[PDB]
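Okay, run-v9.csv is below, CSV, C-alpha atoms and all ligand atoms:
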```
chain,number,residue,atom,x,y,z
A,11,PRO,CA,2.4,6.9,-31.8
A,12,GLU,CA,4.2,9.1,-29.3
A,13,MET,CA,7.4,7.5,-28.0
A,14,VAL,CA,8.7,8.2,-24.6
A,15,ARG,CA,12.3,6.9,-23.6
A,16,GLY,CA,12.6,4.1,-26.1
A,17,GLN,CA,9.0,3.0,-25.6
A,18,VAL,CA,5.8,3.4,-27.5
A,19,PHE,CA,2.8,5.3,-26.1
A,20,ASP,CA,-0.4,4.7,-28.0
A,21,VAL,CA,-2.7,7.0,-26.0
A,22,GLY,CA,-3.4,9.4,-28.8
A,23,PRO,CA,-5.1,11.6,-30.0
A,24,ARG,CA,-7.1,12.4,-26.8
A,25,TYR,CA,-3.9,12.4,-24.8
A,26,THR,CA,-0.9,14.5,-25.9
A,27,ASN,CA,2.3,16.2,-24.5
A,28,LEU,CA,3.9,13.1,-22.9
A,29,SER,CA,6.4,13.6,-20.0
A,30,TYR,CA,8.2,10.6,-18.5
A,31,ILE,CA,7.6,10.3,-14.7
A,32,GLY,CA,9.1,6.9,-14.0
A,33,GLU,CA,9.3,3.1,-14.4
A,34,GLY,CA,9.2,0.0,-12.3
A,35,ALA,CA,7.4,-3.3,-11.8
A,36,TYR,CA,4.0,-1.7,-12.3
A,37,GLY,CA,4.8,-0.3,-15.7
A,38,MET,CA,5.7,3.1,-17.2
A,39,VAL,CA,4.0,6.3,-15.9
A,40,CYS,CA,3.7,9.5,-17.9
A,41,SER,CA,1.9,12.8,-17.5
A,42,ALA,CA,-0.3,13.8,-20.5
A,43,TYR,CA,-2.7,16.5,-21.6
A,44,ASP,CA,-6.3,15.4,-21.8
A,45,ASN,CA,-7.5,17.4,-24.8
A,46,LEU,CA,-11.0,16.4,-23.9
A,47,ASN,CA,-11.1,17.5,-20.1
A,48,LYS,CA,-8.5,20.3,-20.8
A,49,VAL,CA,-6.3,19.1,-17.9
A,50,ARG,CA,-3.1,17.1,-17.3
A,51,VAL,CA,-3.5,13.5,-16.3
A,52,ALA,CA,-1.3,10.5,-15.4
A,53,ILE,CA,-1.1,7.5,-17.8
A,54,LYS,CA,0.2,4.2,-16.6
A,55,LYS,CA,1.2,1.9,-19.5
A,56,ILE,CA,1.2,-1.8,-18.7
A,57,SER,CA,2.3,-4.9,-20.7
A,58,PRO,CA,1.3,-8.0,-18.7
A,59,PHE,CA,0.4,-10.4,-21.4
A,60,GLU,CA,3.7,-12.4,-21.5
A,61,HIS,CA,3.5,-13.4,-17.8
A,62,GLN,CA,0.5,-14.8,-15.8
A,63,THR,CA,1.6,-13.1,-12.6
A,64,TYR,CA,1.7,-9.7,-14.4
A,65,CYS,CA,-1.7,-10.6,-15.9
A,66,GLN,CA,-3.5,-11.3,-12.6
A,67,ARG,CA,-1.9,-8.2,-11.1
A,68,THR,CA,-3.4,-6.1,-14.0
A,69,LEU,CA,-6.8,-7.7,-13.3
A,70,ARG,CA,-6.8,-7.1,-9.6
A,71,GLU,CA,-6.2,-3.4,-9.8
A,72,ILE,CA,-8.8,-2.8,-12.5
A,73,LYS,CA,-11.5,-4.7,-10.7
A,74,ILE,CA,-10.8,-3.0,-7.4
A,75,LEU,CA,-10.4,0.6,-8.6
A,76,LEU,CA,-13.4,0.4,-11.0
A,77,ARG,CA,-15.5,-0.4,-7.9
A,78,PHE,CA,-13.7,1.8,-5.4
A,79,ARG,CA,-14.7,5.5,-5.3
A,80,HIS,CA,-13.0,7.4,-2.5
A,81,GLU,CA,-11.3,10.8,-2.2
A,82,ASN,CA,-8.2,9.1,-0.6
A,83,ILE,CA,-7.8,6.4,-3.3
A,84,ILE,CA,-6.6,7.1,-6.9
A,85,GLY,CA,-9.2,6.3,-9.5
A,86,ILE,CA,-9.3,5.4,-13.2
A,87,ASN,CA,-10.4,8.1,-15.5
A,88,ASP,CA,-10.0,6.1,-18.7
A,89,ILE,CA,-8.6,2.9,-20.1
A,90,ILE,CA,-6.8,2.8,-23.5
A,91,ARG,CA,-6.1,-0.5,-25.3
A,92,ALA,CA,-6.7,-2.1,-28.7
A,93,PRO,CA,-10.3,-2.6,-29.9
A,94,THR,CA,-9.7,-6.3,-30.5
A,95,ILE,CA,-8.0,-8.9,-28.4
A,96,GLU,CA,-5.7,-10.0,-31.2
A,97,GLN,CA,-4.0,-6.6,-31.2
A,98,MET,CA,-4.1,-6.1,-27.4
A,99,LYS,CA,-0.4,-6.1,-26.3
A,100,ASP,CA,-0.5,-3.2,-23.9
A,101,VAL,CA,-2.9,-1.5,-21.4
A,102,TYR,CA,-3.1,2.2,-20.4
A,103,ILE,CA,-4.6,3.4,-17.1
A,104,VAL,CA,-5.6,7.0,-17.1
A,105,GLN,CA,-5.6,8.5,-13.6
A,106,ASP,CA,-5.5,11.9,-11.9
A,107,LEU,CA,-2.2,13.7,-12.0
A,108,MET,CA,-0.6,14.3,-8.6
A,109,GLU,CA,2.5,16.5,-7.8
A,110,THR,CA,4.7,13.9,-6.0
A,111,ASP,CA,4.6,10.9,-3.8
A,112,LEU,CA,5.5,10.4,-0.1
A,113,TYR,CA,8.8,8.5,-1.1
A,114,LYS,CA,10.2,11.5,-3.0
A,115,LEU,CA,8.8,14.0,-0.5
A,116,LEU,CA,10.6,12.2,2.5
A,117,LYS,CA,13.9,12.1,0.5
A,118,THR,CA,14.2,15.9,0.6
A,119,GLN,CA,11.4,17.5,2.8
A,120,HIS,CA,11.2,17.6,6.5
A,121,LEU,CA,7.6,17.2,7.4
A,122,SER,CA,5.8,19.5,10.0
A,123,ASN,CA,3.6,17.9,12.8
A,124,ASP,CA,0.5,19.4,11.1
A,125,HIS,CA,1.5,17.7,7.8
A,126,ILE,CA,2.3,14.3,9.5
A,127,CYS,CA,-1.1,14.5,11.3
A,128,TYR,CA,-3.0,15.4,8.0
A,129,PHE,CA,-1.1,12.8,5.9
A,130,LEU,CA,-1.7,10.0,8.5
A,131,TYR,CA,-5.4,10.9,8.7
A,132,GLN,CA,-5.9,10.6,5.0
A,133,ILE,CA,-4.1,7.3,5.1
A,134,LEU,CA,-6.3,5.8,7.7
A,135,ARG,CA,-9.5,7.3,6.4
A,136,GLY,CA,-8.9,5.8,2.9
A,137,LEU,CA,-7.6,2.6,4.3
A,138,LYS,CA,-10.8,2.3,6.3
A,139,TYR,CA,-12.7,2.3,3.1
A,140,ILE,CA,-10.5,-0.4,1.6
A,141,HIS,CA,-11.0,-2.6,4.7
A,142,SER,CA,-14.8,-2.0,4.9
A,143,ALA,CA,-14.8,-3.6,1.4
A,144,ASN,CA,-13.1,-6.7,2.9
A,145,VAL,CA,-9.8,-5.9,1.0
A,146,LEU,CA,-6.1,-5.7,2.1
A,147,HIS,CA,-3.7,-3.5,0.2
A,148,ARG,CA,-0.6,-5.5,1.2
A,149,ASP,CA,1.8,-3.0,-0.2
A,150,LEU,CA,1.5,0.2,1.8
A,151,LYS,CA,4.9,2.2,1.5
A,152,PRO,CA,5.7,5.9,0.8
A,153,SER,CA,5.9,5.3,-3.0
A,154,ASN,CA,2.3,4.1,-3.0
A,155,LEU,CA,1.0,7.4,-1.4
A,156,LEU,CA,0.5,10.2,-4.0
A,157,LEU,CA,0.3,13.9,-3.0
A,158,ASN,CA,-0.8,17.1,-4.8
A,159,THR,CA,0.3,20.8,-4.3
A,160,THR,CA,-2.6,21.2,-1.6
A,161,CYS,CA,-1.4,18.2,0.4
A,162,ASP,CA,-4.2,15.9,-0.7
A,163,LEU,CA,-3.0,12.3,-0.3
A,164,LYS,CA,-4.0,9.2,-2.3
A,165,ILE,CA,-3.3,5.5,-2.1
A,166,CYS,CA,-1.9,3.5,-5.1
A,167,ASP,CA,-1.0,0.1,-6.6
A,168,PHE,CA,-3.8,-2.5,-5.9
A,169,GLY,CA,-2.0,-5.3,-7.8
A,170,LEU,CA,-1.1,-7.1,-4.6
A,171,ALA,CA,-4.4,-6.4,-2.9
A,172,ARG,CA,-6.4,-9.4,-1.6
A,173,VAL,CA,-9.8,-10.2,-0.1
A,174,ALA,CA,-9.3,-10.9,3.7
A,175,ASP,CA,-9.0,-14.6,4.7
A,176,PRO,CA,-8.2,-14.9,8.5
A,177,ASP,CA,-9.0,-18.6,8.5
A,178,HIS,CA,-6.4,-19.3,5.8
A,179,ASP,CA,-3.7,-17.0,7.3
A,180,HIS,CA,-1.4,-19.6,9.1
A,181,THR,CA,1.8,-20.7,7.3
A,182,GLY,CA,5.2,-22.3,8.2
A,183,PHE,CA,8.3,-20.4,9.4
A,184,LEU,CA,9.9,-18.1,6.9
A,185,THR,CA,7.4,-18.7,4.0
A,186,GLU,CA,8.0,-16.9,0.7
A,187,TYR,CA,6.5,-13.3,0.5
A,188,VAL,CA,6.5,-10.4,-1.9
A,189,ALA,CA,5.3,-7.1,-0.1
A,190,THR,CA,8.3,-4.7,0.6
A,191,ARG,CA,10.8,-6.1,3.2
A,192,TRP,CA,10.7,-2.9,5.2
A,193,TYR,CA,6.9,-2.5,5.7
A,194,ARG,CA,6.4,-6.3,6.4
A,195,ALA,CA,4.7,-7.2,9.6
A,196,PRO,CA,6.7,-9.5,12.1
A,197,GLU,CA,4.2,-12.4,11.7
A,198,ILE,CA,5.0,-12.6,8.0
A,199,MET,CA,8.4,-14.1,8.7
A,200,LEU,CA,6.9,-16.3,11.4
A,201,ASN,CA,3.4,-17.8,10.7
A,202,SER,CA,1.3,-15.6,8.4
A,203,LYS,CA,0.3,-15.4,4.8
A,204,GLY,CA,-0.8,-11.7,5.2
A,205,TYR,CA,-4.5,-12.2,4.8
A,206,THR,CA,-5.4,-10.0,7.8
A,207,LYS,CA,-6.2,-6.3,8.1
A,208,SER,CA,-3.5,-6.0,10.9
A,209,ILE,CA,-0.7,-6.3,8.3
A,210,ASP,CA,-1.8,-3.0,6.7
A,211,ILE,CA,-1.9,-1.3,10.1
A,212,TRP,CA,1.8,-2.5,10.6
A,213,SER,CA,2.8,-0.9,7.2
A,214,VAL,CA,1.0,2.4,8.2
A,215,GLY,CA,3.0,2.3,11.5
A,216,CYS,CA,6.2,2.0,9.6
A,217,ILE,CA,5.2,5.0,7.3
A,218,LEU,CA,4.4,7.1,10.4
A,219,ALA,CA,7.9,6.5,12.0
A,220,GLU,CA,9.3,7.3,8.6
A,221,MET,CA,7.5,10.7,8.5
A,222,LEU,CA,8.9,11.5,12.0
A,223,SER,CA,12.5,10.8,11.2
A,224,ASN,CA,12.7,10.8,7.4
A,225,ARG,CA,14.6,7.5,7.9
A,226,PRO,CA,13.2,4.0,7.5
A,227,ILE,CA,12.7,2.4,11.0
A,228,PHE,CA,13.3,-1.3,10.1
A,229,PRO,CA,15.5,-1.4,7.1
A,230,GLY,CA,16.3,-5.1,6.9
A,231,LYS,CA,18.6,-6.3,4.1
A,232,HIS,CA,16.8,-9.7,3.7
A,233,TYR,CA,14.0,-11.8,5.0
A,234,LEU,CA,15.2,-12.5,8.5
A,235,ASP,CA,17.3,-9.4,9.1
A,236,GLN,CA,14.0,-7.5,8.8
A,237,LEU,CA,12.6,-9.5,11.8
A,238,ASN,CA,15.8,-8.8,13.8
A,239,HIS,CA,15.5,-5.0,13.7
A,240,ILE,CA,11.8,-5.2,14.5
A,241,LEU,CA,13.0,-7.0,17.7
A,242,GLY,CA,15.9,-4.6,18.4
A,243,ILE,CA,13.4,-1.8,18.8
A,244,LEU,CA,10.2,-3.7,20.1
A,245,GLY,CA,12.3,-6.0,22.3
A,246,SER,CA,11.8,-9.7,23.0
A,247,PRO,CA,8.1,-10.7,22.8
A,248,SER,CA,6.4,-11.6,26.1
A,249,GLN,CA,5.3,-15.1,27.1
A,250,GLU,CA,1.7,-14.3,26.1
A,251,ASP,CA,2.7,-13.2,22.5
A,252,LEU,CA,4.9,-16.4,22.2
A,253,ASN,CA,2.1,-18.7,23.4
A,254,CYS,CA,0.1,-17.1,20.5
A,255,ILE,CA,2.8,-18.6,18.0
A,256,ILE,CA,2.0,-22.4,17.8
A,257,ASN,CA,4.4,-22.9,14.9
A,258,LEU,CA,7.4,-24.7,16.5
A,259,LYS,CA,10.1,-23.5,14.2
A,260,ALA,CA,9.0,-19.8,14.6
A,261,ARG,CA,8.5,-20.1,18.4
A,262,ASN,CA,11.9,-22.0,18.8
A,263,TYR,CA,13.7,-19.3,16.7
A,264,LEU,CA,12.3,-16.6,19.0
A,265,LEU,CA,13.3,-18.6,22.1
A,266,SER,CA,17.0,-19.1,20.9
A,267,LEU,CA,17.5,-15.3,20.8
A,268,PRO,CA,19.1,-13.4,23.7
A,269,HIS,CA,16.8,-11.0,25.6
A,270,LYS,CA,16.4,-7.6,23.9
A,271,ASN,CA,14.7,-4.7,25.7
A,272,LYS,CA,12.3,-2.2,24.1
A,273,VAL,CA,13.9,1.0,22.8
A,274,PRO,CA,11.4,3.7,24.0
A,275,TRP,CA,9.8,5.8,21.1
A,276,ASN,CA,10.7,9.0,22.9
A,277,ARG,CA,14.4,8.1,22.6
A,278,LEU,CA,14.1,7.3,18.8
A,279,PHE,CA,11.8,10.3,18.3
A,280,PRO,CA,12.6,12.8,21.0
A,281,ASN,CA,11.1,15.6,18.9
A,282,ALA,CA,7.7,14.0,18.2
A,283,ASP,CA,4.3,14.5,19.7
A,284,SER,CA,3.4,12.5,22.8
A,285,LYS,CA,0.2,11.4,21.0
A,286,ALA,CA,1.8,10.5,17.6
A,287,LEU,CA,4.2,8.2,19.6
A,288,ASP,CA,1.2,6.7,21.5
A,289,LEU,CA,-0.5,5.8,18.2
A,290,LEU,CA,2.7,4.6,16.7
A,291,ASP,CA,3.2,2.3,19.7
A,292,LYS,CA,-0.3,0.8,19.1
A,293,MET,CA,0.2,0.4,15.3
A,294,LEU,CA,3.6,-1.2,15.8
A,295,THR,CA,2.4,-4.0,18.1
A,296,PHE,CA,4.2,-7.3,17.8
A,297,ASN,CA,1.0,-9.4,18.4
A,298,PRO,CA,-1.4,-8.9,15.4
A,299,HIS,CA,-4.4,-9.6,17.7
A,300,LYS,CA,-3.5,-6.6,20.0
A,301,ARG,CA,-2.6,-4.3,17.1
A,302,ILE,CA,-4.9,-1.3,16.7
A,303,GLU,CA,-7.8,-1.4,14.2
A,304,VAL,CA,-8.2,1.3,11.4
A,305,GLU,CA,-11.3,2.7,13.1
A,306,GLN,CA,-9.6,2.8,16.5
A,307,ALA,CA,-6.5,4.6,14.9
A,308,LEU,CA,-8.9,7.3,13.4
A,309,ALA,CA,-10.5,7.8,16.8
A,310,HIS,CA,-7.0,8.3,18.5
A,311,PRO,CA,-6.6,11.6,20.3
A,312,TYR,CA,-3.8,12.5,17.9
A,313,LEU,CA,-6.4,12.8,15.1
A,314,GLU,CA,-9.2,14.5,17.1
A,315,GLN,CA,-9.1,17.6,14.9
A,316,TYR,CA,-9.8,15.6,11.8
A,317,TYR,CA,-11.9,12.7,13.2
A,318,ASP,CA,-15.4,12.7,11.8
A,319,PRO,CA,-17.3,9.3,11.7
A,320,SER,CA,-19.9,10.7,9.3
A,321,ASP,CA,-17.2,12.1,6.9
A,322,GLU,CA,-15.3,8.8,6.6
A,323,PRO,CA,-17.3,6.7,4.1
A,324,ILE,CA,-17.4,2.9,4.0
A,325,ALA,CA,-17.8,0.7,0.9
A,326,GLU,CA,-21.3,0.2,-0.5
A,327,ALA,CA,-20.5,-3.3,-1.8
A,328,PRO,CA,-17.7,-5.3,-0.3
A,329,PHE,CA,-15.8,-8.0,-2.2
A,330,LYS,CA,-17.5,-11.3,-1.6
A,331,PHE,CA,-14.5,-13.6,-2.5
A,332,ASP,CA,-11.0,-13.5,-4.0
A,338,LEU,CA,-6.0,-20.0,-14.6
A,339,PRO,CA,-3.8,-19.7,-17.8
A,340,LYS,CA,-2.3,-16.4,-19.1
A,341,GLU,CA,-4.8,-16.6,-22.0
A,342,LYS,CA,-7.7,-16.6,-19.7
A,343,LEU,CA,-6.6,-13.6,-17.8
A,344,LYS,CA,-6.2,-11.7,-21.0
A,345,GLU,CA,-9.9,-12.0,-21.9
A,346,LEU,CA,-11.1,-11.0,-18.4
A,347,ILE,CA,-9.0,-7.9,-18.7
A,348,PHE,CA,-10.4,-7.3,-22.2
A,349,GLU,CA,-14.0,-7.6,-20.9
A,350,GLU,CA,-13.2,-5.5,-17.9
A,351,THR,CA,-11.8,-2.7,-20.1
A,352,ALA,CA,-14.6,-2.8,-22.8
A,353,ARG,CA,-16.5,-0.1,-20.8
A,354,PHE,CA,-14.0,2.7,-21.9
A,355,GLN,CA,-14.1,1.7,-25.7
B,1,LIG,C1,11.3,10.8,-8.6
B,1,LIG,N1,9.9,10.8,-9.1
B,1,LIG,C2,9.4,12.2,-9.2
B,1,LIG,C3,7.9,12.2,-9.6
B,1,LIG,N2,7.1,11.5,-8.6
B,1,LIG,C4,5.7,11.5,-9.0
B,1,LIG,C5,4.8,10.6,-8.4
B,1,LIG,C6,3.5,10.5,-8.8
B,1,LIG,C7,2.9,11.4,-9.7
B,1,LIG,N3,1.5,11.3,-10.1
B,1,LIG,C8,0.8,10.1,-10.3
B,1,LIG,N4,-0.5,10.2,-10.8
B,1,LIG,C9,-1.2,9.1,-11.0
B,1,LIG,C10,-0.7,7.8,-10.7
B,1,LIG,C11,0.6,7.7,-10.2
B,1,LIG,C12,1.1,6.4,-9.9
B,1,LIG,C13,0.5,5.1,-10.0
B,1,LIG,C14,1.5,4.3,-9.5
B,1,LIG,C15,2.6,5.0,-9.3
B,1,LIG,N5,2.4,6.3,-9.5
B,1,LIG,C16,3.9,4.4,-8.8
B,1,LIG,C17,3.7,3.1,-8.0
B,1,LIG,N6,2.6,2.2,-8.5
B,1,LIG,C18,1.5,2.8,-9.3
B,1,LIG,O1,0.6,2.1,-9.7
B,1,LIG,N7,1.3,8.9,-10.0
B,1,LIG,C19,3.8,12.3,-10.3
B,1,LIG,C20,5.1,12.3,-10.0
B,1,LIG,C21,7.6,10.1,-8.5
B,1,LIG,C22,9.1,10.1,-8.0
```
Full structure transcribed into structure tokens:
Amino acid sequence: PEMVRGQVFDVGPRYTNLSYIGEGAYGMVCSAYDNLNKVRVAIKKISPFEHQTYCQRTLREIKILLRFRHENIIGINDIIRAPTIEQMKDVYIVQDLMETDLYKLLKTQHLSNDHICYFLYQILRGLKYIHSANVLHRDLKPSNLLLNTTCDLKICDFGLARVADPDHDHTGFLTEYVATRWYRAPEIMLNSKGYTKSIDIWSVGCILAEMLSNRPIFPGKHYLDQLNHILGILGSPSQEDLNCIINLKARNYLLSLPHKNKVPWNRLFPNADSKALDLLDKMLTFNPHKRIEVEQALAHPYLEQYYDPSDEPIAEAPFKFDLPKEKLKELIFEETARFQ
């Protein structure tokens, strides 16, 4: 059993030549040689059996990716695990090997306007497939966007994905959340559960501004701070947008704040395209109801060279609807039986 960095990697004998790529809350990811397809693939090892949360997460990403088939979404090539459920301690997801991700790329590389336009288009065209299936990613950030040597982009990490529920979206002021603090929509800290498609649009807006400056645009250090910088740039929300917030604690918080004017995008990005900034403006809209939809974003004059309505597929079968840790270990076992 090949061992990488103090950990075991039972992916053999079909997968050899292990090379550590990283670690995190998703698991451990390595690059391996598929002796069967004669190519190098990426293998995500996951050990979610001890905790229920880690178990459902493992289940949500297997179900979704096994059904999703899109050029701008990473897929599952194989699944490796024990043949019996008594010996199943880990799970191994075999996926296409990519060169880098947008997180690493932005840390060192200045992006050209043509690159920004192309990357954004592949983000919206793939997100459109995810939304046509009635699913929300809820974790769109540069680390979840994989790139290859030919600039082909790909979305990652469906563990926090959910079926859209607009009728069950309202919550109290400052309710607990998990999605990264920097790509969090303003309504999340005010009155939302993040069950709407408009939360993904916000995240894509944040990623766009990041590609333009190479610096995060709203880098809040905690839950409320995040809301404060969103307001430093966007300014104090209008009467109309406030009247939209019926939650008293949220509304009253916004009213207690001194007036802040909008920092124009041309001032934050004086070297950006007039169109890219117009689209950014529409994605980063304080009011979730006036925020641009994925199909409208694709049709924006900033993506006219790539925009094809016939070359942007939609999901064949959308998800109809959205337990102990021992139950979720049998669902996974039966979901991964296909690859045995
Ligand atoms: C400093 N590092 C240098 C190397 N970079 C790199 C980044 C990506 C890849 N290829 C690759 N192929 C297939 C899957 C993945 C992958 C799935 C997931 C993640 N990655 C992280 C977040 N959650 C996931 O579920 N990645 C290769 C190298 C990372 C940054």
Hey, which residues sit close to ligand LIG 1 (chain B)? Say within 6 Å, counting only C-alpha atoms and all ligand atoms, and write them as a compact mmCIF listing (two decimals) with C-alpha atoms, keeping the file's coordinate frame.
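out04.txt written:
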```txt
# COMPACT_ATOMS: atom_id res chain seq x y z
CA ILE A 31 7.60 10.30 -14.70
CA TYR A 36 4.00 -1.70 -12.30
CA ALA A 52 -1.30 10.50 -15.40
CA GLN A 105 -5.60 8.50 -13.60
CA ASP A 106 -5.50 11.90 -11.90
CA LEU A 107 -2.20 13.70 -12.00
CA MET A 108 -0.60 14.30 -8.60
CA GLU A 109 2.50 16.50 -7.80
CA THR A 110 4.70 13.90 -6.00
CA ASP A 111 4.60 10.90 -3.80
CA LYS A 114 10.20 11.50 -3.00
CA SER A 153 5.90 5.30 -3.00
CA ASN A 154 2.30 4.10 -3.00
CA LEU A 156 0.50 10.20 -4.00
CA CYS A 166 -1.90 3.50 -5.10
CA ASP A 167 -1.00 0.10 -6.60
```
| task | Take atom CA of residue 311 of chain A and atom CA of residue 275 of chain A and report the distance between them in Å, one decimal. | result |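 Computed distance, atom CA of residue 311 of chain A to atom CA of residue 275 of chain A, equals 17.4 Å.
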Contacts of residue 327 of chain A at 12 Å (only C-alpha atoms; same-chain gap of 3+ positions) as a PDB file with C-alpha atoms, in the frame of the given file:
```pdb
ATOM      1  CA  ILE A  74     -10.800  -3.000  -7.400  1.00  0.00           C
ATOM      2  CA  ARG A  77     -15.500  -0.400  -7.900  1.00  0.00           C
ATOM      3  CA  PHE A  78     -13.700   1.800  -5.400  1.00  0.00           C
ATOM      4  CA  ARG A  79     -14.700   5.500  -5.300  1.00  0.00           C
ATOM      5  CA  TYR A 139     -12.700   2.300   3.100  1.00  0.00           C
ATOM      6  CA  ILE A 140     -10.500  -0.400   1.600  1.00  0.00           C
ATOM      7  CA  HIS A 141     -11.000  -2.600   4.700  1.00  0.00           C
ATOM      8  CA  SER A 142     -14.800  -2.000   4.900  1.00  0.00           C
ATOM      9  CA  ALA A 143     -14.800  -3.600   1.400  1.00  0.00           C
ATOM     10  CA  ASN A 144     -13.100  -6.700   2.900  1.00  0.00           C
ATOM     11  CA  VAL A 145      -9.800  -5.900   1.000  1.00  0.00           C
ATOM     12  CA  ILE A 324     -17.400   2.900   4.000  1.00  0.00           C
ATOM     13  CA  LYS A 330     -17.500 -11.300  -1.600  1.00  0.00           C
ATOM     14  CA  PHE A 331     -14.500 -13.600  -2.500  1.00  0.00           C
TER      15      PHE A 331
END
```
| request: Quick one: everything within 6 Å of segment 69-72 of chain A, counting all atoms listed in the file, minus sequence neighbours fewer than 6 positions away in the same chain. Send it as an NGL selection string. | output: :A and (168-169 or 347)
| message | Residues near residue 298 of chain A, anyone? I mean within 10 Å using only C-alpha atoms, not counting same-chain ones fewer than 4 positions away, as a list in words. | response | residues 195, 196, 197, 206, 207, 208, 209, 211, 212, 251, 254, 293, 294, 302 and 303 of chain A
| If we count all atoms listed in the file, what is near segment 230-247 of chain A at a cut-off of 12 Å, once residues fewer than 3 positions away on the same chain are taken out, given as a ChimeraX atom specification? | /A:183-200,212,215-216,226-227,250-255,260-261,263-278,290-297
Put those residues in a file: C-alpha atoms, as a PDB file, keeping the file's coordinate frame.
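Generated output (out16.pdb):
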```pdb
ATOM      1  CA  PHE A 183       8.300 -20.400   9.400  1.00  0.00           C
ATOM      2  CA  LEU A 184       9.900 -18.100   6.900  1.00  0.00           C
ATOM      3  CA  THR A 185       7.400 -18.700   4.000  1.00  0.00           C
ATOM      4  CA  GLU A 186       8.000 -16.900   0.700  1.00  0.00           C
ATOM      5  CA  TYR A 187       6.500 -13.300   0.500  1.00  0.00           C
ATOM      6  CA  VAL A 188       6.500 -10.400  -1.900  1.00  0.00           C
ATOM      7  CA  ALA A 189       5.300  -7.100  -0.100  1.00  0.00           C
ATOM      8  CA  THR A 190       8.300  -4.700   0.600  1.00  0.00           C
ATOM      9  CA  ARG A 191      10.800  -6.100   3.200  1.00  0.00           C
ATOM     10  CA  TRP A 192      10.700  -2.900   5.200  1.00  0.00           C
ATOM     11  CA  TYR A 193       6.900  -2.500   5.700  1.00  0.00           C
ATOM     12  CA  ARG A 194       6.400  -6.300   6.400  1.00  0.00           C
ATOM     13  CA  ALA A 195       4.700  -7.200   9.600  1.00  0.00           C
ATOM     14  CA  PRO A 196       6.700  -9.500  12.100  1.00  0.00           C
ATOM     15  CA  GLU A 197       4.200 -12.400  11.700  1.00  0.00           C
ATOM     16  CA  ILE A 198       5.000 -12.600   8.000  1.00  0.00           C
ATOM     17  CA  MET A 199       8.400 -14.100   8.700  1.00  0.00           C
ATOM     18  CA  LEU A 200       6.900 -16.300  11.400  1.00  0.00           C
ATOM     19  CA  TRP A 212       1.800  -2.500  10.600  1.00  0.00           C
ATOM     20  CA  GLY A 215       3.000   2.300  11.500  1.00  0.00           C
ATOM     21  CA  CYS A 216       6.200   2.000   9.600  1.00  0.00           C
ATOM     22  CA  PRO A 226      13.200   4.000   7.500  1.00  0.00           C
ATOM     23  CA  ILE A 227      12.700   2.400  11.000  1.00  0.00           C
ATOM     24  CA  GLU A 250       1.700 -14.300  26.100  1.00  0.00           C
ATOM     25  CA  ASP A 251       2.700 -13.200  22.500  1.00  0.00           C
ATOM     26  CA  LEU A 252       4.900 -16.400  22.200  1.00  0.00           C
ATOM     27  CA  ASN A 253       2.100 -18.700  23.400  1.00  0.00           C
ATOM     28  CA  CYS A 254       0.100 -17.100  20.500  1.00  0.00           C
ATOM     29  CA  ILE A 255       2.800 -18.600  18.000  1.00  0.00           C
ATOM     30  CA  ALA A 260       9.000 -19.800  14.600  1.00  0.00           C
ATOM     31  CA  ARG A 261       8.500 -20.100  18.400  1.00  0.00           C
ATOM     32  CA  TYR A 263      13.700 -19.300  16.700  1.00  0.00           C
ATOM     33  CA  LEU A 264      12.300 -16.600  19.000  1.00  0.00           C
ATOM     34  CA  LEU A 265      13.300 -18.600  22.100  1.00  0.00           C
ATOM     35  CA  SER A 266      17.000 -19.100  20.900  1.00  0.00           C
ATOM     36  CA  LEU A 267      17.500 -15.300  20.800  1.00  0.00           C
ATOM     37  CA  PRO A 268      19.100 -13.400  23.700  1.00  0.00           C
ATOM     38  CA  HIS A 269      16.800 -11.000  25.600  1.00  0.00           C
ATOM     39  CA  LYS A 270      16.400  -7.600  23.900  1.00  0.00           C
ATOM     40  CA  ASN A 271      14.700  -4.700  25.700  1.00  0.00           C
ATOM     41  CA  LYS A 272      12.300  -2.200  24.100  1.00  0.00           C
ATOM     42  CA  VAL A 273      13.900   1.000  22.800  1.00  0.00           C
ATOM     43  CA  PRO A 274      11.400   3.700  24.000  1.00  0.00           C
ATOM     44  CA  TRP A 275       9.800   5.800  21.100  1.00  0.00           C
ATOM     45  CA  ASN A 276      10.700   9.000  22.900  1.00  0.00           C
ATOM     46  CA  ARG A 277      14.400   8.100  22.600  1.00  0.00           C
ATOM     47  CA  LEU A 278      14.100   7.300  18.800  1.00  0.00           C
ATOM     48  CA  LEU A 290       2.700   4.600  16.700  1.00  0.00           C
ATOM     49  CA  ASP A 291       3.200   2.300  19.700  1.00  0.00           C
ATOM     50  CA  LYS A 292      -0.300   0.800  19.100  1.00  0.00           C
ATOM     51  CA  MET A 293       0.200   0.400  15.300  1.00  0.00           C
ATOM     52  CA  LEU A 294       3.600  -1.200  15.800  1.00  0.00           C
ATOM     53  CA  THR A 295       2.400  -4.000  18.100  1.00  0.00           C
ATOM     54  CA  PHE A 296       4.200  -7.300  17.800  1.00  0.00           C
ATOM     55  CA  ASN A 297       1.000  -9.400  18.400  1.00  0.00           C
TER      56      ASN A 297
END
```
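You can rank A:306, A:21, A:41, A:161 by their closest distance to residue 124 of chain A using all atoms listed in the file, and at the top of that list sits A:161.
The coordinates place atom CA of residue 213 of chain A at 24.4 Å from atom CA of residue 160 of chain A.
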Neighbour list for residue 11 of chain A as an mmCIF file with C-alpha atoms, in the frame of the given file, cut-off 8 Å, all atoms listed in the file, skip fewer than 2 positions in-chain:
```cif
data_model
loop_
_atom_site.group_PDB
_atom_site.id
_atom_site.type_symbol
_atom_site.label_atom_id
_atom_site.label_comp_id
_atom_site.auth_asym_id
_atom_site.auth_seq_id
_atom_site.Cartn_x
_atom_site.Cartn_y
_atom_site.Cartn_z
ATOM 1 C CA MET A 13 7.400 7.500 -28.000
ATOM 2 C CA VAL A 18 5.800 3.400 -27.500
ATOM 3 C CA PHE A 19 2.800 5.300 -26.100
ATOM 4 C CA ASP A 20 -0.400 4.700 -28.000
ATOM 5 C CA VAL A 21 -2.700 7.000 -26.000
ATOM 6 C CA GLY A 22 -3.400 9.400 -28.800
#
```
